[PDB]
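What follows is a short report on a single structure.
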Amino acid sequence: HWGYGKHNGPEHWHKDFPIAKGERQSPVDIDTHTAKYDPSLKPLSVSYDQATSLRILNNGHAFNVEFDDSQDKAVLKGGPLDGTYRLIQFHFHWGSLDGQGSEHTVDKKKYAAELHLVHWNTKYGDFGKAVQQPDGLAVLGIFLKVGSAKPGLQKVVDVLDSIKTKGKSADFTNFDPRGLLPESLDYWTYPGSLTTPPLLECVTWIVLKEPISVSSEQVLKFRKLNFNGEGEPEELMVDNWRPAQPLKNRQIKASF
Ligand SMILES: NS(=O)(=O)Oc1ccc2c(c1)S(=O)(=O)C(CC1CCCCCC1)=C2
Ligand SMILES: [Hg+2]
Ligand SMILES: [Zn+2]
C-alpha cells in the first residue's frame, strides 16, 4: 500500500487516489510576495487550555498524538474559519536531514519538520462526516527549525521509544499542546487537502509564519522511529513529507 519510498510514494498516489492531481491539493509553496494581507480575516483563536490527550500511535507513516474530541475542549476558531473546529490529533512530518522535512515551503525554503494540529468542524457531528465536506477540516501548521530545545516537546520525544514500530501505541494523557506553539499567531491561509492518501480536499490550511525551534537531539529521536512493524527489516521513519503541489490560481492570504 501507500508510503514514502520510491515505489509507493507521492508520485504513485494518483493511481489509487486520482484526486492527487486535483484543483486544491496540499501542501503548496507559500510565495510571500504573492500572498496578500486580508482585512476580512478575523482574529485567530487557539483555545487548548482544556485539551485531553489520550494516547500516541505509530501508524506506519508518522505518529499521532490523539485527543478526546467528544466535547468542545481544545478548539480552533476565528481567522478564515466559520464556527468551531475541535482538535482530534497532531502529528509531524520530518526529514532524513535538517534541510528537508516540511510539507509547506516558504519562498521554496524547506524546514526541518512541520507540526500539524488537525481539527474538525463540529457542525458536521463527527470527523468521518467532516472529511466529506469542503470546509470540514482546519489544520494548523507549524514549522520546526533546528536550534534550541523546545521544552514542551520533550514529553513527546521521551515516549517514542515505546512506539518504535507500526501499530505500537502508548498511553499519553495530560499532554498540553500549548507548549508547541510559537509566540506569534501571524499566519497564511488557503483552501487545501489532506497531505496523505486519501488526499481529500476538505481542509482550510492555517500555516504559522513563526517557526518553533527544536534541538538536534530532539529531531534525531524522531528519526529513530520505524515505518515497519515489529520483527521486520528496519526502515527508518524519515522523509514522510509530500512535496509542494500546484497552487492552481488559488489565493494564499496573510493575516499580517
Ligand atoms: N497532513 S494532514 O493532512 O493533516 O494529515 C492527515 C491528518 C489526518 C488524517 C490523515 C492525514 S488520514 O490518514 O487521511 C486520516 C484517516 C482517514 C479516516 C478514514 C476515512 C478517510 C478520511 C481520513 C486522518
Ligand atoms: Hg472534502
Ligand atoms: Zn500532516
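Here, each number is a calculation from the coordinates, and none is a lab measurement. Quick reminder, even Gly has a Cβ in these numbers, built from the backbone with ideal geometry, and neighbours come from all protein chains shown.
According to the square roots a ≥ b ≥ c of the eigenvalues of the Cα gyration tensor, what is the shape class of region 112-241, taking rounded for a/c under 1.5, prolate for a/b larger than b/c otherwise, and oblate for the remainder? Don't jump to the answer; show the numbers that get you there.
Values: a/c = 1.82, a/b = 1.26, b/c = 1.45.
Cα axes put region 112-241 in the oblate bin.
Among the trypsin sites (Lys or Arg not before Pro) in region 127-212, none sits in a DSSP loop with a Cβ that has at most 13 other Cβ atoms within 10 Å. Build a GNM of the chain with springs between Cα atoms under 10 Å apart, and of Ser169, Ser102, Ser45 the one that fluctuates most is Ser45.
Using Cβ counts within 10 Å as a stand-in for footprinting exposure, how do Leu140, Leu54 rank, fewest first? Spell out each step's value before the answer.
On the way: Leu140 26, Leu54 17.
With the fewest neighbours first, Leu140, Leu54 line up as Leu54, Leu140.
Placing +1 on each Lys and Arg Cβ and -1 on each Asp and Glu Cβ, with no other charges, gives the chain a dipole about its Cα centre of roughly 400 debye. The modelled label-to-label distance between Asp239 and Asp161, using points 7 Å beyond Cα along the C-beta direction, is 3.0 nm. Would you mind pulling out the separation of the Cα centroids of region 93-119 and region 15-83, in Å? Centre-to-centre distance over Cα atoms comes out at 15 Å.
Between the listed residues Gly3, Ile19, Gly136, the Cα displaced farthest toward the positive end of the dipole of the chain, a dipole computed from Cβ unit charges relative to the Cα centre, is found at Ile19. For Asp176, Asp69, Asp158, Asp239, the sequence from fewest to most other C-beta atoms within 10 Å is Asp158, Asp176, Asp239, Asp69. Using a ≥ b ≥ c from the Cα gyration tensor of region 12-135 (square roots of the eigenvalues), is it rounded, prolate or oblate, where a/c under 1.5 gives rounded and otherwise the larger of a/b and b/c decides, a/b for prolate? It is rounded, given that a/c, with a ≥ b ≥ c, falls under 1.5. Which residues does the label zone of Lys109 cover in region 170-214, counting backbone N under 18 Å from a point 7 Å along Cα→Cβ? Answer for region 170-214: 182-189, 207-214.
Counting charges near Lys221 (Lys, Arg +1; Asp, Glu -1) among other residues having Cβ under 13 Å from its Cβ returns a value of +2. Working note: 222 nm ellipticity from helices only, DSSP H runs with n ≥ 4, each -39,500 (n - 2.57), summed and divided by the residues of the chain, gives -1500 deg cm²/dmol to the nearest 500.
Quick one: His61, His93, fewest Cβ neighbours within 10 Å first, how do they rank? Before the final figure, lay out each step's value.
Values: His61 17, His93 26.
Fewest to most other Cβ atoms nearby, the residues stand as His61, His93.
Quick one: grab the alpha carbon gyration tensor of the chain, order the square roots of its eigenvalues as a ≥ b ≥ c, and give me rounded if a/c is under 1.5, else prolate or oblate depending on whether a/b is larger than b/c.
Working: a/c = 1.33, a/b = 1.19, b/c = 1.12.
Verdict is rounded for the chain.
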